[PDB]
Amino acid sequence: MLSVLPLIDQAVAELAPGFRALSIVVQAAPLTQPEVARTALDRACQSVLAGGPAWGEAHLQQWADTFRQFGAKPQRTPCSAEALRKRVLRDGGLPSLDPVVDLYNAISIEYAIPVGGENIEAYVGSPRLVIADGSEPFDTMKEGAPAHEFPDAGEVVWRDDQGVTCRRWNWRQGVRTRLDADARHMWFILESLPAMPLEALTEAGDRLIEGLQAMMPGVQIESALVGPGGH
């Protein structure tokens, strides 16, 4: 099986000592029930319009505080969970892309937690969570064309041996590792801080796995709890 062992640099652990994440590695199977994602996304959106989940405001506040700690302005560039929540509250919902994305976005919405999905095959070496020095190339998009950009010095980034794969921790994924329709080897990283109880992180992960098992029966899963707050 394709394993993934994310490395959390000591400097990031010292910056966010309560960080704990579920790292879920998935060997995909044929996608026979795509409507699962539609049901999950509707439920997630309905559940947030009433104001929940109970830890949501506090958790997204911690992520905004953590962004400021590494130099970002979350009012402009927030964690992925806050970006999804705002779209849900403002729009009549969150638009669909494809079933796997709708599903993990649904989990992010319902459980107010950043959830990143990536293609393991595109990684060069292991994923590493580091403090950027500002000279790491990030393959992204600008004006509908490819772009070669930099993180800011001090910014927390996911990277591999080649370069940055997610900027500002969980603000924006690069193009190189994006999850497309027929990826066979997927990595999901569910990223939390202590205002989200561990049992809620567990529930979010279980809800993602059960959705995957309903959507693509036969999927195989290996997950790990990682981070300085996970022991």
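So that there is no doubt, residue numbering starts at 1 and follows the sequence shown.
- Looking at mean Cα B-factors across 179-187 and 51-59, the upper value is held by 179-187.
- Here 143-151 and 104-112 are compared by their mean Cα B-factor, and 143-151 comes out higher.
- Placement of the Cα temperature factor of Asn170 within the chain: lowest third of the modelled residues, per the deposited record.
- Sorting the modelled residues of the chain by their CA temperature factor places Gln10 in the highest third.
- In this PDB entry, the Cα temperature factor of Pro74 sits in the middle third of its chain's modelled residues.
- Sort the chain's modelled residues by C-alpha temperature factor and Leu89 lands in the highest third, per the entry.
- When the modelled residues of the chain are ordered by C-alpha B-factor, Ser126 sits in the highest third.
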